[PDB]
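Heads up: the structure comes next, in structure tokens.
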Amino acid sequence: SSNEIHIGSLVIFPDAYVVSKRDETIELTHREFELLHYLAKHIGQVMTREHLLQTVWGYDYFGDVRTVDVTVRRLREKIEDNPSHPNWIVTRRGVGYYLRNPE
């Protein structure tokens, strides 16, 4: 099942392919949603760009790993109040990324 995930005031509706923060809907690209949605399925788990790449982009996709960085930047600009210190999408320096479990 997959009706909707809540993370703080951030809501994910996998079925409708929709996201809202504080109730405001946020327009995301297909890719952006895919990534955010995947991190929301594994809340609080750190994952490498290498892993996220094949997982969200596909095992057949061998483009550069910075695409995950580019996509995480865009999600931050679109979702974070202040991207300088993300509240949801966090960087585990030298390892990868993860969606933060609000305590």
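For neighbour counting, all protein chains shown are included, and Cβ atoms are generated from backbone atoms with ideal geometry for every residue, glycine included. Please treat every number below as a calculation from the coordinates, not as lab data.
For the range 22-103, which trypsin sites (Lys or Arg not before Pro) are in a loop by DSSP, counting at most 11 other Cβ atoms within 10 Å? Walk me through the intermediate numbers first.
Working: sites: 22, 31, 41, 49, 66, 73, 74, 76, 78, 92, 93, 100; in loops: 22, 93, 100.
Qualifying residues, ordered by number: 22, 93.
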For the range 1-94, which chymotrypsin sites (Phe, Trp or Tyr not before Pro) are both in a DSSP coil and crowded by at most 13 other Cβ atoms within 10 Å?
17, 59, 61, 62
Grab the Cα-Cα distance for residue 24 and residue 43, subtract it from 0.36 nm times how many residues apart they are, and report the gain in nm with one decimal.
4.7 nm
Log entry: pair-distance distribution for the chain, C-alpha pairs binned every 5 Å from zero, whole % per bin is 2, 12, 25, 27, 20, 10, 3, 0
Counting other Cβ atoms within 10 Å of each Cβ, which GluC sites (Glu not before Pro) in the range 7-77 have at most 16 and sit in a DSSP loop?
27
To the nearest 10 degrees, how steep is helix 66-79 against the longest Cα principal axis of the chain, on a 0 to 90 scale?
10
Measure off 7 Å from each Cα along the Cα-to-Cβ vector at residue 70 and residue 16, then give the distance between these two points in nanometres to one decimal.
3.0
In degrees, nearest 10, the alpha-carbon axis of helix 30-41 is tilted away from the dominant principal axis of the alpha carbons of the chain by 80
